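Visitor: Just dropping this structure here.
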Amino acid sequence: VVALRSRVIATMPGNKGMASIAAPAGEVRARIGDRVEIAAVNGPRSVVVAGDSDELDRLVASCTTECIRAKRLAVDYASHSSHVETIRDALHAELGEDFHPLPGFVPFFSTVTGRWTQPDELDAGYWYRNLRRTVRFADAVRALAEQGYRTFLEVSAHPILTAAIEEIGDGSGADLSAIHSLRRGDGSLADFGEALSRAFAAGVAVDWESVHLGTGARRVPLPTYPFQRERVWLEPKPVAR
Amino acid sequence: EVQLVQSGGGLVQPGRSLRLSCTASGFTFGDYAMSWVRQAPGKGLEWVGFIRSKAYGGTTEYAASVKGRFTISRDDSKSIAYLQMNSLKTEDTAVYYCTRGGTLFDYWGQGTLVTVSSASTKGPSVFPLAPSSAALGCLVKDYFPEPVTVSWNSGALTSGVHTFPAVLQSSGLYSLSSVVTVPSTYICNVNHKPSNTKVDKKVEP
Amino acid sequence: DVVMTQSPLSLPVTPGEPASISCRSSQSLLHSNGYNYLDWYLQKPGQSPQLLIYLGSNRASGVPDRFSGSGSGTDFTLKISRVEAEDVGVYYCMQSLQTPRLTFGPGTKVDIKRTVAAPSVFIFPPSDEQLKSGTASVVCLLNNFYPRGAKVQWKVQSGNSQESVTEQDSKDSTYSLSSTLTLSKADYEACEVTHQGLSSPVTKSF
C-alpha cells in the first residue's frame, strides 16, 4: 500500500505539498484560502494542512510571522485533496488489492471517522478516505480519552505528534501523557532505552520480563520497599478511678 | 522428559525418496524398539513397521503394504530413528508417528504430516452457494495444498460458521465448503497461503 | 489366525458421568503369565495417540486416574470414573498377543453426549458460474445433528458423492455434513438423509 502509493504519488510534486503546524484550529481555518484546507486536526492547538504550493509555503510563513514550529515538509506531496482523487485506480485500489479485516481483538482507533471502528474498514477504501476526507485526528484522541486512554507513544524517529498530543492536554482537563519520542538526531539503542524509561514513568506497562531475556542477567538482593511510616497506635481507652 | 520429536514431512510426487527422523531425548534410545504408525487422513491408525533394539538383533518388521518399499533404521550415538520412505505412491499422504515400543506404543512423538500428491500449487476456485429461498455458503474447490482458512464477513461472523474439513478429489486437489446459517448478504474471503491468492465472495439467492 | 477385536464403536459420553468402553476379542488374550495382552490407547482429536492402559488393567503413568482397566481373556472394559472434556476422541483396543498388528482397530468414536438433534438438510444447487467453469457441485449440507450416523443419498443414482464431516463442536455439541456431488457438464440436466433425528425420508432437491 505505502510503496505503490508513494511510487505513483511521486508525480504530483510541483503542484501541491504538505505542511504540519501546531497553530490553533481557529485562526488557520479562518485564514485558509486559494485551494488550502486542513488535512488533520491533531489537537486544539495542532492542525496538519494540505494546500497548494505558494500558499502552503506561506502558511508555515503565516506561521513564521507568528513564530511557530516552522517545518516545510521536505516529503511534500498531494493528499487529502483532489489532485490525488482523480486517480480512481492506482491511488484508490491498486495500493491495496488483498486485505483481511480483523474483528474486535484489541480496540484499534481509526481517525477519518473520528471514533473507534472495528478494523474491518482498514483497506484501500481507508486510503481513499485519507485522500478524500480530512483526518479529524483530534476528535479520535478525545474519543481515546473518553474510552480511558492517556499515555501516547509516538512510533517515529522524532516527536512531532506527541509534541502535539500535549496540546491535546494544554486545554483539556484530562491532562494526558505523551512520552517524548527519540529526539530529531537520535538513532541508537541508548536513546530507545531512554524512551522505554519515560514510557514506564508515564505509566506505559512495560513487560520487563522481555527486555532482560537476551541480556542473560541475574537477580541480586536489592533493598525492599521503604514504607513511609506514620504513627498509628489505638491506645486501650481508660483512666483508672 | 521423554520427547520423541519428529521431522521430515513435505510434498512429493509418487515415486520419490523421503526421510523421516525421530529425535529421542529422555530415554536410552537403544533399549526401546521404535515403530512408525501411519494414520491416513481421518481413518484409523495403521502400523507401518518397527526396528528391533540393537540388543534384540535390530531385525526390522514392516507391513504387508510397504514391504520392499520402506526401510527403518536407528542410531544410538546420534540417537535418531529413521523411516526411509522410497517409491512413494498416493497412499503415503498421512500423519506418520514414531512410537517408542513395538508391541507397547508409548510416547508417539507429535505427528509428521507427509503428503504424496501429484498436484501443483494453485489457488482456490471460489464458487458460491446460493440459498434455496436458509444458509449461505461458498466452495473453495480445486486448491492445493492444505493450509486453507475461510472466514465470513471477513472474520466478523463466527457464530454458525462451519468450515467443513477439506476433501480430496481423485485429481489431487482440495475442496472446502464453508457455510453460515442465519436469516438475512454475506462475504467469504479464502486465503490460499502457499500461493497467497485471496479471493472474496459476495453471495445472493 | 488373527485376534479380531471389536468395541462399542460409537459410544457417547456426557461430562461428569462415568462411561464404559468395552472390547471383545475372538481369541484369548490372557497369555500364560496370567497377564492380559490388551492395551488401551487414546488419540485425542488431532493429537498424537496416548497410551492409557497396558496389560489389560495397568494404567500408564501421566494418565488421569479416571481411566480404569479390567477384563477376562475375551471380554474387556475401560471404566472412565469421570468423563471430562479431554476424555473424548478415539479409544483403540489394541491387542499384543499376535504382533504384527497392521491396524489399531476401528476405534471407539467417543462424543460429548446430548439428546438427539435435527439434521438441517439444506440443498444448495450449484452456482451457475460453476457450470460456466466446467464442473457442477450441488451441496446437501446437513447442519446441527447428533449422533452422526446419517445416510445421505443422491437420486433422480448415488455413487458420485464425497464426504466431509467436522468433529463435535462445543456449545452445541452437534455435527455437520458436507456431501458434495462433484459433477460434470451435461448430467446436471435430490438429496435426503436417514438420520435418527427424524424417521421419515426428507427429500428436497435442487
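By order in the C-alpha cells, chains are A, B, ...; within a chain, residues start at 1; ligands start at 1, following the order shown.
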Write out as a ChimeraX atom specification all residues of range 94-173 of chain B that DSSP puts in strand (DSSP E) for this structure's backbone.

Guide: /B:94-99,112-116,128-129,135-139,150-152,162-163

Visitor: Can you spit out the residues from that selection as a compact mmCIF listing (two decimals), in the first residue's frame, using C-alpha atoms?

Guide:
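Wrote it out as part06.txt, contents follow:
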```txt
# COMPACT_ATOMS: atom_id res chain seq x y z
CA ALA B 94 -0.71 -39.26 6.05
CA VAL B 95 0.35 -38.21 9.55
CA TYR B 96 3.25 -40.64 10.40
CA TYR B 97 4.02 -41.13 14.06
CA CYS B 98 7.02 -42.67 15.85
CA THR B 99 6.08 -44.57 18.97
CA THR B 112 4.76 -35.68 10.80
CA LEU B 113 2.25 -34.83 8.01
CA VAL B 114 3.73 -36.46 4.85
CA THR B 115 1.80 -35.80 1.61
CA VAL B 116 2.23 -37.67 -1.67
CA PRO B 128 -20.64 -19.55 -4.01
CA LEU B 129 -23.63 -21.46 -2.67
CA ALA B 135 -27.97 -20.91 4.93
CA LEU B 136 -25.35 -19.16 2.82
CA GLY B 137 -22.06 -20.75 1.87
CA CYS B 138 -19.17 -20.86 -0.57
CA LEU B 139 -16.93 -23.58 -2.07
CA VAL B 150 -12.14 -19.30 5.28
CA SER B 151 -13.88 -16.50 7.28
CA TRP B 152 -17.32 -14.88 6.95
CA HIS B 162 -18.91 -24.30 9.88
CA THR B 163 -15.64 -24.66 7.91
```

Visitor: Tell me as a ChimeraX atom specification which residues belonging to chain C come within 9 Å of chain B, counting only C-alpha atoms.

Guide: /C:39,41,47-51,54,60,90,92,95-97,99-107,122-127,129-130,137-139,141,143,162-167,176-178,180,182,206

Visitor: Kindly give the distance, in Å, that separates CA of residue 93 in chain C and CA of residue 40 in chain C, rounded to a single decimal.

Guide: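 Spanning CA of residue 93 in chain C to CA of residue 40 in chain C is a straight-line distance of 5.1 Å.
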
Visitor: Near residue 109 in chain C, within 8 Å and counting only C-alpha atoms, which residues show up once chain neighbours fewer than 6 positions away are dropped, as a ChimeraX atom specification?

Guide: /C:9-12,89-91

Visitor: Output as a PyMOL selection string the set of chain B residues within 9 Å of chain A, with distances taken over only C-alpha atoms.

Guide: chain B and resi 153-157+189+191+197-199

Visitor: Go ahead and compute the interatomic distance for CA of residue 28 in chain B and CA of residue 52 in chain B, in Å to one decimal.

Guide: 14.0 Å

Visitor: Extract the full set of helix (DSSP H, G or I) residues from range 16-145 of chain A according to DSSP on the backbone, and format it as an MDAnalysis selection string.

Guide: chainID A and resid 25:31 90:94 124:132 137:145

Visitor: Can you tell me which residues surround residue 13 in chain A at a distance of at most 10 Å, considering only C-alpha atoms, apart from same-chain residues fewer than 6 positions away, and format the answer as a compact mmCIF listing (two decimals) with C-alpha atoms, in the first residue's frame?

Guide:
```txt
# COMPACT_ATOMS: atom_id res chain seq x y z
CA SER A 53 2.11 25.49 -3.39
CA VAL A 75 8.41 14.97 1.89
CA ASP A 76 5.82 17.36 0.43
CA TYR A 77 3.20 15.72 -1.80
CA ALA A 78 -0.52 15.59 -2.65
```

Visitor: List the spatial neighbours of residue 161 in chain C as a PyMOL selection string - criterion: any atom at most 9 Å away, only C-alpha atoms, same-chain residues fewer than 6 positions off excluded.

Guide: chain C and resi 152-154+179-182

Visitor: I need the residues from that last selection saved to file as a PDB file, in the first residue's frame (with N, CA and C atoms), if you can.

Guide:
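Written file, selection.pdb:
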```pdb
ATOM      1  N   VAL C 152     -26.792 -40.273   3.433  1.00  0.00           N
ATOM      2  CA  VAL C 152     -27.168 -39.043   2.663  1.00  0.00           C
ATOM      3  C   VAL C 152     -27.220 -39.429   1.189  1.00  0.00           C
ATOM      4  N   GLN C 153     -28.416 -39.578   0.598  1.00  0.00           N
ATOM      5  CA  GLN C 153     -28.428 -40.113  -0.793  1.00  0.00           C
ATOM      6  C   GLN C 153     -28.473 -39.038  -1.881  1.00  0.00           C
ATOM      7  N   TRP C 154     -28.399 -39.459  -3.151  1.00  0.00           N
ATOM      8  CA  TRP C 154     -28.463 -38.551  -4.330  1.00  0.00           C
ATOM      9  C   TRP C 154     -29.213 -39.286  -5.455  1.00  0.00           C
ATOM     10  N   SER C 179     -21.885 -33.216   2.000  1.00  0.00           N
ATOM     11  CA  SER C 179     -21.894 -34.250   0.977  1.00  0.00           C
ATOM     12  C   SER C 179     -21.858 -33.589  -0.400  1.00  0.00           C
ATOM     13  N   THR C 180     -20.701 -33.599  -1.018  1.00  0.00           N
ATOM     14  CA  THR C 180     -20.598 -32.860  -2.281  1.00  0.00           C
ATOM     15  C   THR C 180     -20.780 -33.818  -3.452  1.00  0.00           C
ATOM     16  N   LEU C 181     -21.650 -33.471  -4.403  1.00  0.00           N
ATOM     17  CA  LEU C 181     -21.807 -34.294  -5.625  1.00  0.00           C
ATOM     18  C   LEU C 181     -21.034 -33.569  -6.709  1.00  0.00           C
ATOM     19  N   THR C 182     -19.701 -33.640  -6.676  1.00  0.00           N
ATOM     20  CA  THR C 182     -18.873 -33.028  -7.755  1.00  0.00           C
ATOM     21  C   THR C 182     -19.449 -33.580  -9.037  1.00  0.00           C
TER      22      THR C 182
END
```

Visitor: Do you know which residues are at most 8 Å from residue 94 in chain A counting only C-alpha atoms, after dropping those on the same chain fewer than 6 positions away, and could you put them as number ranges by chain?

Guide: A: 1, 4, 124

Visitor: Closest to residue 74 in chain C among C:159, C:56, C:62, C:8, using only C-alpha atoms?

Guide: C:56

Visitor: How many Å separate CA of residue 145 in chain B from CA of residue 159 in chain B?

Guide: 27.0 Å

Visitor: For residue 196 in chain C, find every residue with an atom within 9 Å (counting only C-alpha atoms), except residues of its own chain fewer than 6 positions away, and show them as a PDB file with C-alpha atoms, in the first residue's frame.

Guide:
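Full text of result.pdb as output:
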```
ATOM      1  CA  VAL C 116     -30.884 -36.348  19.525  1.00  0.00           C
ATOM      2  CA  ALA C 117     -30.809 -33.238  17.257  1.00  0.00           C
ATOM      3  CA  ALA C 118     -32.478 -32.162  13.972  1.00  0.00           C
ATOM      4  CA  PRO C 119     -30.367 -32.517  10.758  1.00  0.00           C
ATOM      5  CA  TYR C 146     -26.124 -35.572  16.690  1.00  0.00           C
ATOM      6  CA  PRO C 147     -25.451 -38.511  16.622  1.00  0.00           C
ATOM      7  CA  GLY C 149     -24.972 -41.761  11.705  1.00  0.00           C
ATOM      8  CA  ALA C 150     -26.719 -40.262   8.700  1.00  0.00           C
TER       9      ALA C 150
END
```

Visitor: Quick one: of A:134, A:105, A:125, A:86, who's nearest to residue 49 in chain A, counting only C-alpha atoms?

Guide: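 Ranking A:134, A:105, A:125, A:86 by distance to residue 49 in chain A, first place goes to A:134.
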
Visitor: Restricting the calculation to only C-alpha atoms, which member of B:24, B:55, B:85, B:66 is positioned closest to residue 9 in chain B?

Guide: B:85
